[PDB]
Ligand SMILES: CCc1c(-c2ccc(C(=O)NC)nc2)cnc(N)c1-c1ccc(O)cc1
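So this first bit is one chain, no partners, the form deposited without the named molecule, shown in structure tokens.
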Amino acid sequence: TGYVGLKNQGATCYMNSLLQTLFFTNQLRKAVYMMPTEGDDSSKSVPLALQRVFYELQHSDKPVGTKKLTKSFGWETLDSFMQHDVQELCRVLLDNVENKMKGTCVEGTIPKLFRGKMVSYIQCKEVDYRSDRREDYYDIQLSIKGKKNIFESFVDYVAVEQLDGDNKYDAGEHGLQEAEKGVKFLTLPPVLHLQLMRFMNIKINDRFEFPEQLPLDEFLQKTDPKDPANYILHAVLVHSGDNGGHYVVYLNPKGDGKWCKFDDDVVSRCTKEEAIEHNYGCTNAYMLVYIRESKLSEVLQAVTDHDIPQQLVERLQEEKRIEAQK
């Protein structure tokens, strides 16, 4: 295919799979390329290290290396990747970029793409007291045990939990109260990152199905008729084994349904079934990326070589020059 892969270089684990996921989030990729890293240190700037890994995956006829990126955000102990989990690596990457874009023509791009909003609420049954606290979110964590498919997870996720018995709610002035607490989606981000809670640690390999096409209007408190909350499957992040483990990701970068498996240094076309149903559950998904139907075409906009400023290309090329002292 057109696509190049990332070298295996450590217990980097899910890093390689997550790098491809962010790379084919094209609208991100092009914003990342607009960051002004011109004056930045070549060895300890994460923004500059995302630019290079992105640049390389757009230009490299050979597998791309990530040693410099690893070294930039400094996860360099023996259990650095073992100890953390996927959302965490992405928050380190996205928060670096988000901050680096502030005061550029591409400010707010990370929140625009990834940020949804949520209300968490507790209501006393017996007495008149109610707490409501809005929340932003960049990623949602879905429960998997006792759930057969994503819809049950989402249903479980908006479930009303009962605060009764010894587990009653402390309602301040009103004493210990019988109460209902739960969560509601006020909005859903153009790009929807979901984590399946398979680690409880131990790895549950149970059966859990997710759709090619994911309609989530019934989870919104207010359904927009003009922009219905329908999602398209984009990446399927895969682990096989335990403690043991291999990582790969499945992508259809264009949103079109022509899938490839991204297995580090090698990239290969595959069936939808390999990417979707074959990861339902030792080879199973732990993270899903979905793009909203209305926003598919902006997010997966075309990326030309000219979309990279030549100041950057010169810097990077220069770097490549020295390094090439073989």
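So that there is no doubt, residue numbering starts at 1 and follows the sequence shown. Rigid core: the largest C-alpha set superposing within 1.5 Å between the two forms.
The segment from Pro47 to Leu48 is modelled without interruption, since every residue of the deposited sequence in that interval carries coordinates. Unmodelled residues of the deposited sequence between neighbouring positions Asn243 and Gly244 number 1 to 3.
Look at the C-alpha B-factors of 246-254 and of 221-229. On average they run higher in 221-229. The mean Cα B-factor in the deposited entry runs higher for 118-126 than for the other of 118-126 and 136-144.
When the C-alpha B-factors of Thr104, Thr109, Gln213, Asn167 are ranked from the entry, the top spot goes to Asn167.
Looking only at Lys272, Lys30, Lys62, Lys295, the residue with the top Cα B factor in the deposited structure is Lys62. The deposited CA B-factor of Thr304 belongs to the middle third of values across its chain. When the modelled residues of the chain are ordered by their C-alpha B factor, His234 lands in the lowest third.
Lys100: CA B factor in the middle third of modelled residues in this chain (values from the PDB entry). Among the modelled residues of the chain, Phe208 sits in the highest third by CA temperature factor in this PDB entry. When the CA B factors of the chain's modelled residues are split into thirds, the value for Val313 lands in the lowest one.
There is another form of the same protein, the form deposited with the named molecule bound; it is not shown, and what comes next is about it.
Stretch 133-141 is the answer when you ask which of 225-233, 249-257, 133-141, 211-219 has residues with heavy atoms within 4.5 Å of the named molecule in the bound PDB entry. Scanning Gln123, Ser153, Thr187, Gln87 against the named molecule in the bound PDB entry with a 4.5 Å heavy atom cut-off leaves one residue, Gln87.
The single contact residue among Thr104, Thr77, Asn99, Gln162, judged by any heavy atom lying within 4.5 Å of the named molecule in the bound PDB entry, is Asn99. The named molecule is not shown here, and in the bound PDB entry it never comes within 4.5 Å of any heavy atom of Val53.
Interface residue remark: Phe114 is counted as part of the site for the named molecule in the bound PDB entry, having a heavy atom within 4.5 Å. In the bound PDB entry, at least one heavy atom of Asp95 sits within 4.5 Å of a heavy atom of the named molecule. With a 4.5 Å cutoff on heavy atoms, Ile110 counts as touching the named molecule in the bound PDB entry. Comparing the two forms between this form and the one not shown on the rigid core, the single residue of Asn149, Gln141, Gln213, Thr77 with a CA shift of 2 Å or greater is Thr77. Core-superposed comparison between this form and the one not shown: the Cα of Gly165 travels 2 Å or more.
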